[PDB]
Amino acid sequence: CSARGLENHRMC
Amino acid sequence: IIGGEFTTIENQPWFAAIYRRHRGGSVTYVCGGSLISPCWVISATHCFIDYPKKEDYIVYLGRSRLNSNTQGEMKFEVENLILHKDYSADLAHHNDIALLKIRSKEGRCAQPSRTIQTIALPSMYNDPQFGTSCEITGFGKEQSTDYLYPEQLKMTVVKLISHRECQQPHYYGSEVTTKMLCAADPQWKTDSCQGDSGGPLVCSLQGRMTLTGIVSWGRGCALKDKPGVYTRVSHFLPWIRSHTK
């Protein structure tokens, strides 16, 4: 979640 | 962007800054994108997949700063948010490509200026040789450990890595496909990072600045044997043409 791929995600 | 240098929008005038409005009025930064025609911005599906509603989003062109206005900037609503139907993820996102049709409150598209310009798409299956230096641009983290994003736009240079090198088990193994491009610094000292997703990887191909890639994924940032991974735009031209037509 602190890097590329999980931007603007509900888990993070 | 880990390492690299500060820049302003004049040095990447196709760069689009994409924000989301929250329930309550709060506006936060989402991802980068690239203006490919007056009405069309291209980005990454993973940026939007959890919040696919177009009305949530605000797109700026001609903006050099994250949380203050840049003189000459334009603001847009998203008229249509188009995600790739074959998107999939387990980290290594497949088909990580999205289109945003932009429309201002006055019902208009981008107007080219000193700070707002389009970027050319590549020819199909026509990419630079590996070892070629390309540039990446974004408002993402300057350090993996940072909490904040930089207020000023950044860019850096990374070199393209072969599918053969990137598919090694000690790089990414089978997480990387032929529809993806790896790029990294030889010293692993500069890279894209969280918040840079959706932004441009630009290479000079036959004298023309070309949108070779879209920032997609990576394990951490500026880590040895872990390149940045980019959607290979030259493998998606029919998808782009059909959905923008």
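Chain letters run A, B, ... following the sequence lines, proteins first, then strands; residues in each count from 1. Values below: every heavy atom of this structure, side chains too, minus hydrogens, waters and symmetry copies.
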Pairing of B/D191 and A/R4 as salt bridge, 4.0 angstrom limit
yes
Which atoms of B/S216 approach chain A - backbone, side chain, both or neither, heavy atom under 4.5 Å:
backbone
Measure the OG1-NE2 distance between B/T177 and B/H93 for me, rounded to the nearest 0.5 Å.
12.5 Å
Region of B/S192 that comes under 4.5 Å of a non-hydrogen atom in chain A
both
When the 4.5 angstrom heavy-atom criterion is applied to B/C221 and chain A, the contacting part is both
Before we go on, tell me: are the rings of B/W239 and B/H84 under 6.0 Å apart, centre to centre?
yes
Could you tell me if the ring centre of B/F139 sits under 6.0 Å from that of B/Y149?
no
